[PDB]
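Two forms, one chain: they're shown below as structure tokens, one block per form, named structure 1 and structure 2.
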Structure 1
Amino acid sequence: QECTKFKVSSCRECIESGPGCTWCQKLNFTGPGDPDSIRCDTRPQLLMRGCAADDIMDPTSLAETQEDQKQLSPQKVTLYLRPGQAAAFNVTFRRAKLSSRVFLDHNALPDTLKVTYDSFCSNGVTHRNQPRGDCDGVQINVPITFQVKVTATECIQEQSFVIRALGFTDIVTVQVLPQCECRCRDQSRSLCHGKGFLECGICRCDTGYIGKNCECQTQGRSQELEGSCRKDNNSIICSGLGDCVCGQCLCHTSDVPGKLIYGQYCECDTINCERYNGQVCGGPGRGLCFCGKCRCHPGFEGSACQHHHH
């Protein structure tokens, strides 16, 4: 269908994003370089890319009826509203005395809730998707049916509204509940470094901490300073000799005696300088190797500190 995504960092934020979004919850759906939002997509896309329908979260709006008298039915309904997905239910009007005109209406609703009505009236008249239910001349014990469709545009909290026929003292009490949370089978307590707990196959990091395994603690800005894991915009990461950790290069450790890989982009080491008399920079008695330049001790000169002032 259509699932518009990016911002999406939880299964709930995914389901909030739009009715066509679903969420893959198995943790080996993703690799290190992928953003969390790749778990949020239409059902075909995630199926196509190897997520098991067993593992695809997709809560749906639904209606739940309860006969709890004579004229309007039912009198209690409970709707779970996934944002952007209508929940529909039917109300039946029936009178033993003859009815003149049936106006189905609701009381004041918030901005976030919308109600429309189909009216299936007696003797071949149907109205569709109107703001109020409307039928003319209902007869003795002859039912008419209104289909009520309720849509939320965001996650609401528990609340109720009433549907009434004007001039009649029965009501339909509509309890409305959010359908935004995912149902995820999750461990309690490695994988988030004690700085988050797991939810639907991703880490949910404590206040102050970020990263997919909650490995970084937040700084004022950053980790959009990962461009500063590349020496320039079209270079590899940390000169191919380190890894970007929290937007900073952590350089590879080394086998070699006296060698250290260092620098903002791991571009330097302590052994690749000009040699003389067998040792780098002429040995420790003459100079020290720093990122390809020999820093000679006082008394020695030359690019490899060969010349004790010659």
Structure 2
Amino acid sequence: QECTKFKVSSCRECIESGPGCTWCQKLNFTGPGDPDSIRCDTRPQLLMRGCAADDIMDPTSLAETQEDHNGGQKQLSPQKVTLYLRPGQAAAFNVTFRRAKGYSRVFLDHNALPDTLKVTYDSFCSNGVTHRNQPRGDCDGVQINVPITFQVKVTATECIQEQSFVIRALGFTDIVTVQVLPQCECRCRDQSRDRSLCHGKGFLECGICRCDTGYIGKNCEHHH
């Protein structure tokens, strides 16, 4: 992974700087002559400065799938997919096409998407024929009741607004419903179980004390 950042001030800003960026929420991680942006780096760079693995914030793209009770599903499965998309990190899931009759050539495609979403397909066709990273799924000569698999990869270029879209095999009425959601939030430790954090005179936000008015210092220790 790599991480190019510039004077980021928060975990959110860090995570938005690229898919390899991660954030250390460890208390007091910043030395006297360091900006808060030192908390933002690749995972191996943070481990090397002594951030523990569970203090490293790193929201990751995820796919979750659902099948119906499947008296209802025919030729395409799964029927429902939910994607959590961290910008620049593809989420991948497999779609299986299976037909009780002989199928000749199967194309897998999606409806028109906004500029912020990129979709590619790998096609795992019969006879070990495989295509990678194409604009649509494409297999030739499907025998009877033999599944073919398409690997769908979806990447967001920024933190998107939630939306759905569909994937279909051309010539068939089956639908895979794809729900997409952003994956841009850090789930950092908050201060609920310690009134001593930030001297009880600031808010703890992903390892950084945001001091109450009149208080200053990295731990809100100084009063002016």
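Residue indices: 1-based, along structure 1. Only the largest set of C-alpha atoms that superpose within 1.5 Å between the two forms is called the rigid core.
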After fitting the rigid core, tell me which of 204, 76, 149, 106 has its Cα displaced by at least 2 Å between the two structures. 204
My question is whether residue 195 is one of the residues whose C-alpha shifts by 2 Å or more between the two structures, given a fit on the rigid core. yes
Rigid core superposed, residue 32 Cα shift between the two structures in Å? 4.3
Core superposed first, then measure: what is the displacement of the CA of residue 184 between the two structures, in Å? 1.4
Taking the rigid core as the frame of reference, how far in Å is the Cα of residue 135 displaced between the two structures? 0.7
